[PDB]
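Peer 1: Take a look at the following structure, please.
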Amino acid sequence: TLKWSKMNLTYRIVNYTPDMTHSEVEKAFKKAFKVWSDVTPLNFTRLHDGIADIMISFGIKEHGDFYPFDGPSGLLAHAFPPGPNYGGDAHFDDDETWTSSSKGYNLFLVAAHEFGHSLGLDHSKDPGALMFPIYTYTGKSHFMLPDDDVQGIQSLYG
Ligand SMILES: COc1ccc(S(=O)(=O)N(Cc2cccnc2)c2c(C)cccc2C(=O)NO)cc1
Ligand SMILES: [Ca+2]
Ligand SMILES: [Zn+2]
Ligand SMILES: [Zn+2]
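To convert, count from 1 in the sequence shown and add 6; that's the authors' numbering.
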């Protein structure tokens with residue numbers, strides 16, 4: 007039902023958090039766009055400076071909102087629906103341990119999940135779908151959006 011009115015989108019990383027090196031964090035987001043861009047004609051462009059539609063940043067317990075985090079476990083990240091400048095935003099918990107290996111909460115698992123919500127997809131009930139309401143580790147070596155997600159994302163963007 008909710009979807010972007012244009013196939014052009016831009017994003018900007020506010021910070022890379024000291025939990026991982028910038029090179030490791032940059033590839034993590036690129037893999038997410040690659041997996042989603044594989045079955046969506048959406049075009050993602052990285053902006054060096056200025057304000058972008060989807061800005062990513064890492065916050066801490068208090069984050070100027072009536073939705074404080076509950077500590078390390080709990081809300082690993084959250085985003086707002088496809089709105090004007092405020093919408094399409096994405097925040098991450100800096101109090102958690104972000105790693106690219108199988109430890110704590112993998113950044114790619116949460117990153118891909120918020121993108122699914124920003125794409126207009128709702129939580130999926132299939133355990134193999136990334137939109138699964140429960141966090142689960144998966145082999146990112148050959149992981150591809152399952153048929154459930156492909157039929158849903160295609161049903162929205164075609
Ligand atoms: C795999 O990607 C993700 C991304 C976010 C989250 S999450 O913890 O924020 N998450 C799901 C959840 C998880 C375990 C127990 N209860 C709820 C949520 C939680 C905890 C609270 C409220 C909203 C969500 C949510 O759906 N955000 O998109 C979990 C997994
Ligand atoms: Ca939390
Ligand atoms: Zn936030
Ligand atoms: Zn969710």
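C-beta atoms are modelled at their ideal positions from N, C-alpha and C, and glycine is treated no differently.
1. Excluding the 5 residues preceding and the 5 following residue 152 in the sequence, name in chain order all residues of the same chain whose CB lies nearer than 8 Å to its CB.
2. Determine, using beta carbons only, whether residue 91 and residue 63 come nearer to each other than 8 Å.
3. I need the straight-line Cα distance from residue 8 to residue 87, nearest angstrom please.
4. Are there any heavy atoms of ligand 4 lying less than 7 Å away from the beta-carbon of residue 139, as far as the coordinates show?
5. At a cut-off of 7 Å, is residue 122 close to ligand 2 when judged by its beta-carbon and the heavy atoms of the ligand?
6. Per the DSSP calculation, residue 62 is bridged to which residue(s)?
7. Is residue 75 near ligand 2, going by C-beta to nearest heavy atom under 7 Å?
8. Could you say if the region 32-48 and the region 142-159 meet the contact criterion of at least three C-beta pairs nearer than 8 Å?
9. Evaluate residue 14 with the Cβ neighbour count: other Cβ atoms within 10 Å of its Cβ, from every protein chain shown; 16 or more gives buried, anything less gives exposed.
10. Three-state secondary structure (DSSP) at residue 84?
11. In three-state terms, what does DSSP make of residue 75?
12. List the endpoints of the continuous alpha helix (DSSP H) containing residue 114.
Peer 2: With the given structure in hand:
1. The residue labelled residue 152 in the question sits at position 146 within the sequence shown. Only 132, 134, 135 meet the Cβ criterion.
2. Locating residue 91 in the sequence shown gives position 85, where the first residue counts as 1. Locating residue 63 in the sequence shown gives position 57, where the first residue counts as 1. In this structure, residue 63 does not lie closer than 8 Å to residue 91 by Cβ.
3. The residue you call residue 8 lines up with position 2 of the sequence shown. The residue you call residue 87 lines up with position 81 of the sequence shown. C-alpha separation (whole angstroms): 8 Å.
4. Reading the sequence shown from its first residue, position 133 is the one you call residue 139. For ligand 4, at least one heavy atom lies less than 7 Å from the Cβ of residue 139.
5. Along the sequence shown, read from residue 1 onward, the residue named residue 122 stands at position 116. Checking the Cβ of residue 122 against ligand 2 gives no.
6. Position 56 of the sequence shown, counted from the first residue, corresponds to residue 62. 19, 96.
7. To locate residue 75, count along the sequence shown from 1; it is residue 69. Yes; taking the cut-off as 7 Å, the Cβ of residue 75 has a heavy atom of ligand 2 nearer than that.
8. yes
9. Translated into positions along the sequence shown, residue 14 becomes position 8. Looking at its Cβ environment, which holds fewer than 16 other Cβ atoms inside 10 Å, residue 14 is exposed.
10. Numbered from 1 along the sequence shown, position 78 holds the residue referred to as residue 84. In the structure shown, residue 84 sits in a strand (DSSP, three-state: E or B).
11. Walking along the sequence shown from the start, residue 75 turns up at place 69. Residue 75: coil per DSSP, three-state reduction.
12. Residue mapping note: residue 114 aligns to position 108 of the sequence shown, counting from 1. Start and end: 113-124.
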